[PDB]
$ cat protein02.pdb   # PDB, C-alpha atoms
ATOM      1  CA  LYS A   1     -63.408  15.466  11.901  1.00  0.00           C
ATOM      2  CA  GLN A   2     -61.235  15.724   8.798  1.00  0.00           C
ATOM      3  CA  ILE A   3     -57.688  14.728   7.922  1.00  0.00           C
ATOM      4  CA  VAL A   4     -55.142  17.491   7.374  1.00  0.00           C
ATOM      5  CA  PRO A   5     -52.590  16.421   4.733  1.00  0.00           C
ATOM      6  CA  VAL A   6     -49.070  17.682   5.331  1.00  0.00           C
ATOM      7  CA  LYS A   7     -47.086  16.902   2.131  1.00  0.00           C
ATOM      8  CA  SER A   8     -44.499  14.591   3.639  1.00  0.00           C
ATOM      9  CA  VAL A   9     -42.322  11.840   2.196  1.00  0.00           C
ATOM     10  CA  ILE A  10     -42.248   8.716   4.354  1.00  0.00           C
ATOM     11  CA  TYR A  11     -39.891   5.741   4.124  1.00  0.00           C
ATOM     12  CA  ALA A  12     -40.977   2.678   6.092  1.00  0.00           C
ATOM     13  CA  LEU A  13     -39.518  -0.798   6.476  1.00  0.00           C
ATOM     14  CA  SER A  14     -41.005  -4.257   6.750  1.00  0.00           C
ATOM     15  CA  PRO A  15     -41.460  -5.427  10.359  1.00  0.00           C
ATOM     16  CA  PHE A  16     -39.615  -8.629   9.403  1.00  0.00           C
ATOM     17  CA  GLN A  17     -36.461  -6.818   8.236  1.00  0.00           C
ATOM     18  CA  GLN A  18     -35.524  -5.276  11.584  1.00  0.00           C
ATOM     19  CA  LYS A  19     -34.967  -6.557  15.107  1.00  0.00           C
ATOM     20  CA  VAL A  20     -37.766  -6.148  17.604  1.00  0.00           C
ATOM     21  CA  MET A  21     -36.866  -6.475  21.288  1.00  0.00           C
ATOM     22  CA  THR A  22     -33.274  -5.177  21.316  1.00  0.00           C
ATOM     23  CA  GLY A  23     -34.272  -1.514  21.548  1.00  0.00           C
ATOM     24  CA  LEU A  24     -35.724  -2.116  25.006  1.00  0.00           C
ATOM     25  CA  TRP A  25     -32.325  -2.570  26.646  1.00  0.00           C
ATOM     26  CA  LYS A  26     -30.321  -0.662  24.048  1.00  0.00           C
ATOM     27  CA  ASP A  27     -28.879   2.558  25.524  1.00  0.00           C
ATOM     28  CA  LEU A  28     -30.211   1.810  29.001  1.00  0.00           C
ATOM     29  CA  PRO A  29     -28.038   4.078  31.215  1.00  0.00           C
ATOM     30  CA  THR A  30     -28.990   7.196  29.255  1.00  0.00           C
ATOM     31  CA  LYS A  31     -32.647   6.170  29.468  1.00  0.00           C
ATOM     32  CA  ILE A  32     -32.405   5.883  33.252  1.00  0.00           C
ATOM     33  CA  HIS A  33     -30.542   9.203  33.316  1.00  0.00           C
ATOM     34  CA  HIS A  34     -33.435  10.870  31.499  1.00  0.00           C
ATOM     35  CA  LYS A  35     -36.091   9.196  33.654  1.00  0.00           C
ATOM     36  CA  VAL A  36     -34.401  10.433  36.829  1.00  0.00           C
ATOM     37  CA  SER A  37     -33.214  13.860  35.669  1.00  0.00           C
ATOM     38  CA  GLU A  38     -36.447  15.125  34.130  1.00  0.00           C
ATOM     39  CA  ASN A  39     -38.695  13.810  36.911  1.00  0.00           C
ATOM     40  CA  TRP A  40     -37.031  14.281  40.313  1.00  0.00           C
ATOM     41  CA  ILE A  41     -39.137  17.390  40.932  1.00  0.00           C
ATOM     42  CA  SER A  42     -42.298  15.362  40.331  1.00  0.00           C
ATOM     43  CA  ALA A  43     -41.211  12.494  42.581  1.00  0.00           C
ATOM     44  CA  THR A  44     -40.247  14.972  45.292  1.00  0.00           C
ATOM     45  CA  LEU A  45     -43.665  16.621  45.081  1.00  0.00           C
ATOM     46  CA  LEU A  46     -45.499  13.285  45.114  1.00  0.00           C
ATOM     47  CA  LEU A  47     -43.602  11.596  47.952  1.00  0.00           C
ATOM     48  CA  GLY A  48     -42.319  14.454  50.121  1.00  0.00           C
ATOM     49  CA  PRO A  49     -45.708  15.361  51.591  1.00  0.00           C
ATOM     50  CA  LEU A  50     -46.439  11.691  52.277  1.00  0.00           C
ATOM     51  CA  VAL A  51     -43.193  10.872  54.091  1.00  0.00           C
ATOM     52  CA  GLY A  52     -43.260  14.190  55.940  1.00  0.00           C
ATOM     53  CA  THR A  53     -46.798  13.600  57.168  1.00  0.00           C
ATOM     54  CA  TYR A  54     -45.909  10.057  58.214  1.00  0.00           C
ATOM     55  CA  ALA A  55     -42.893  11.294  60.176  1.00  0.00           C
ATOM     56  CA  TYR A  56     -44.983  13.992  61.854  1.00  0.00           C
ATOM     57  CA  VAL A  57     -47.704  11.495  62.775  1.00  0.00           C
ATOM     58  CA  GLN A  58     -45.237   9.005  64.247  1.00  0.00           C
ATOM     59  CA  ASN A  59     -43.475  11.735  66.230  1.00  0.00           C
ATOM     60  CA  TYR A  60     -46.775  13.005  67.628  1.00  0.00           C
ATOM     61  CA  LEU A  61     -48.020   9.505  68.444  1.00  0.00           C
ATOM     62  CA  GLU A  62     -44.836   8.567  70.287  1.00  0.00           C
ATOM     63  CA  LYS A  63     -44.697  11.846  72.211  1.00  0.00           C
ATOM     64  CA  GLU A  64     -48.318  11.452  73.323  1.00  0.00           C
ATOM     65  CA  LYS A  65     -47.669   7.807  74.217  1.00  0.00           C
ATOM     66  CA  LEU A  66     -44.744   8.775  76.443  1.00  0.00           C
ATOM     67  CA  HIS A  67     -46.627  11.689  78.022  1.00  0.00           C
ATOM     68  CA  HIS A  68     -49.740   9.618  78.773  1.00  0.00           C
ATOM     69  CA  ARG A  69     -47.845   6.443  79.761  1.00  0.00           C
ATOM     70  CA  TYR A  70     -47.544   7.683  83.388  1.00  0.00           C
TER      71      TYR A  70
ATOM     72  CA  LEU B   1     -42.548 -21.291 -26.421  1.00  0.00           C
ATOM     73  CA  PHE B   2     -46.131 -22.430 -27.026  1.00  0.00           C
ATOM     74  CA  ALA B   3     -45.437 -25.820 -25.452  1.00  0.00           C
ATOM     75  CA  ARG B   4     -43.991 -24.134 -22.368  1.00  0.00           C
ATOM     76  CA  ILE B   5     -46.939 -21.744 -22.194  1.00  0.00           C
ATOM     77  CA  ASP B   6     -49.688 -24.359 -22.469  1.00  0.00           C
ATOM     78  CA  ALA B   7     -47.814 -26.704 -20.139  1.00  0.00           C
ATOM     79  CA  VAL B   8     -49.033 -24.307 -17.421  1.00  0.00           C
ATOM     80  CA  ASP B   9     -52.209 -25.542 -15.733  1.00  0.00           C
ATOM     81  CA  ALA B  10     -54.150 -24.590 -12.614  1.00  0.00           C
ATOM     82  CA  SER B  11     -51.955 -26.646 -10.288  1.00  0.00           C
ATOM     83  CA  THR B  12     -48.824 -25.064 -11.753  1.00  0.00           C
ATOM     84  CA  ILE B  13     -50.328 -21.605 -11.275  1.00  0.00           C
ATOM     85  CA  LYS B  14     -51.138 -22.401  -7.647  1.00  0.00           C
ATOM     86  CA  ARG B  15     -47.659 -23.782  -6.990  1.00  0.00           C
ATOM     87  CA  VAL B  16     -45.918 -20.785  -8.550  1.00  0.00           C
ATOM     88  CA  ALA B  17     -48.160 -18.319  -6.709  1.00  0.00           C
ATOM     89  CA  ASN B  18     -47.517 -20.114  -3.422  1.00  0.00           C
ATOM     90  CA  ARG B  19     -43.814 -19.817  -4.215  1.00  0.00           C
ATOM     91  CA  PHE B  20     -44.015 -16.100  -5.032  1.00  0.00           C
ATOM     92  CA  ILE B  21     -47.134 -14.565  -3.443  1.00  0.00           C
ATOM     93  CA  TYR B  22     -48.230 -16.504  -0.354  1.00  0.00           C
ATOM     94  CA  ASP B  23     -47.007 -14.638   2.734  1.00  0.00           C
ATOM     95  CA  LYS B  24     -44.194 -12.711   1.065  1.00  0.00           C
ATOM     96  CA  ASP B  25     -43.047  -9.128   1.544  1.00  0.00           C
ATOM     97  CA  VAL B  26     -44.476  -6.411  -0.678  1.00  0.00           C
ATOM     98  CA  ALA B  27     -42.781  -3.178  -1.729  1.00  0.00           C
ATOM     99  CA  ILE B  28     -45.136  -0.218  -2.128  1.00  0.00           C
ATOM    100  CA  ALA B  29     -44.414   3.049  -3.926  1.00  0.00           C
ATOM    101  CA  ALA B  30     -47.189   5.636  -3.890  1.00  0.00           C
ATOM    102  CA  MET B  31     -47.672   9.329  -4.495  1.00  0.00           C
ATOM    103  CA  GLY B  32     -50.491  11.824  -4.617  1.00  0.00           C
ATOM    104  CA  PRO B  33     -53.487  12.176  -2.333  1.00  0.00           C
ATOM    105  CA  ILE B  34     -52.722   8.804  -0.763  1.00  0.00           C
ATOM    106  CA  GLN B  35     -53.936   9.710   2.732  1.00  0.00           C
ATOM    107  CA  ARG B  36     -56.537   6.938   2.378  1.00  0.00           C
ATOM    108  CA  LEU B  37     -54.252   4.226   0.999  1.00  0.00           C
ATOM    109  CA  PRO B  38     -53.791   1.461   3.603  1.00  0.00           C
ATOM    110  CA  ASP B  39     -50.445   1.113   5.333  1.00  0.00           C
ATOM    111  CA  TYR B  40     -47.822  -1.607   5.002  1.00  0.00           C
ATOM    112  CA  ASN B  41     -49.235  -3.953   7.642  1.00  0.00           C
ATOM    113  CA  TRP B  42     -52.553  -4.006   5.785  1.00  0.00           C
ATOM    114  CA  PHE B  43     -51.068  -5.317   2.535  1.00  0.00           C
ATOM    115  CA  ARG B  44     -48.677  -7.651   4.342  1.00  0.00           C
ATOM    116  CA  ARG B  45     -51.648  -9.216   6.116  1.00  0.00           C
ATOM    117  CA  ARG B  46     -53.699  -9.395   2.923  1.00  0.00           C
ATOM    118  CA  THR B  47     -51.045 -11.583   1.318  1.00  0.00           C
ATOM    119  CA  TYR B  48     -52.683 -14.710   2.915  1.00  0.00           C
ATOM    120  CA  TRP B  49     -56.098 -16.114   3.799  1.00  0.00           C
ATOM    121  CA  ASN B  50     -57.172 -17.471   7.175  1.00  0.00           C
ATOM    122  CA  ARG B  51     -60.229 -19.294   5.812  1.00  0.00           C
ATOM    123  CA  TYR B  52     -58.191 -22.021   4.117  1.00  0.00           C
TER     124      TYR B  52
END

$ encode --input "protein02.pdb" --output "structure tokens"
Amino acid sequence: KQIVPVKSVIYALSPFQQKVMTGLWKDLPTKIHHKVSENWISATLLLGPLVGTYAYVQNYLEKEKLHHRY
Amino acid sequence: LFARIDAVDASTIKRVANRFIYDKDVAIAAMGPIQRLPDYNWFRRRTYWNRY
């Protein structure tokens, strides 16, 4: 567990010489663009099986209910 | 010059330090194997005491 020095040169600024909470909502539309563009595959994979299974279950339940309802 | 110098007492030193040192912003310039030197927040916090 050692440190590996890199030979950099780092300029830093005081936390009291720069605004804090503006960067949250700065450049918001591009942030939302990224969040949606680079992740729609993941959301599709997470939710698609769930909604598909729910639709299948409801279809089966209703069809059995009608068939057995005399 | 001597009168001005020996007109400085402990209370004057405290007042001047409180004007210049207490909770002010430091500027650090370092080079070499400084991978163990503390970062800016460390010094900026050390510029005051919470005991008093």

$ resolve_selection --input "protein02.pdb" --expression "the ChimeraX specification (/A :<10) & /B" --output "ChimeraX atom specification"
/B:25-36,39-41,44

$ atom_distance --input "protein02.pdb" --atom1 "atom CA of residue 22 of chain B" --atom2 "atom CA of residue 42 of chain B"
14.6 Å

$ resolve_selection --input "protein02.pdb" --expression "the PyMOL selection byres ((chain B and resi 21) around 12)" --output "ChimeraX atom specification"
/B:13-20,22-26,43-49

$ atom_distance --input "protein02.pdb" --atom1 "atom CA of residue 39 of chain A" --atom2 "atom CA of residue 58 of chain A"
28.5 Å

$ atom_distance --input "protein02.pdb" --atom1 "atom CA of residue 34 of chain A" --atom2 "atom CA of residue 21 of chain A"
20.4 Å
